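Below you'll find the structure, written out as structure tokens, and then a few comments.
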Amino acid sequence: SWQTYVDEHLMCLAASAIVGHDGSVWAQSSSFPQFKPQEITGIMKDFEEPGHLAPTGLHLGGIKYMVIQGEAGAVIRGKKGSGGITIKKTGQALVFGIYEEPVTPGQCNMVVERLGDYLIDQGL
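Sequence positions in the sequence shown follow PDB author numbering and run 2 to 13, 22 to 133.
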């Protein structure tokens, strides 16, 4: 099934998703939150303007994260409690990874990187 394909190729407590720059879901794991378009817009702006989201924090699914060091124009990183969020920009899409202990930041960061690696390799 599509969902078993997605769940085993994405990060699946942790969740992950591939979202177009226009905000449409290309694939999301079973527990990935619904999000708001304005949330995607501010994320797209932080990729243009590093530090943009830092004074207000990063919001996804209404959840507030503290912005930390990412990769300018390419990766956003956020922390909350014992978990956090990683967002990688590709040519056409955004890869999201959300994690909570005992999932580690490094586990999430690497699933996101691998997804972006695949998408960019496909020209997306």
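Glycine is no exception: its CB is placed at the ideal position from the N, C-alpha and C atoms.
- Between the C-alpha atoms of residue 61 and residue 35 there is a straight-line separation of about 26 Å.
- Going by DSSP, residue 121 is part of the alpha helix (DSSP H) stretching over 114-130.
- In the DSSP assignment, residue 92 forms a beta bridge with 89, 109.
- Residue range 72-80 is occupied by the beta strand (DSSP E) that includes residue 80.
- A straight-line Cα-Cα distance of about 17 Å links residue 26 and residue 51.
- The Cβ neighbour count for residue 37, taken over all protein chains shown within 10 Å, is at least 16; the residue is labelled buried.
- Per DSSP, residue 62 has no beta bridge partner at all.
- Cβ atoms of residue 83 and residue 73 stay farther apart than 8 Å, at about 22 Å.
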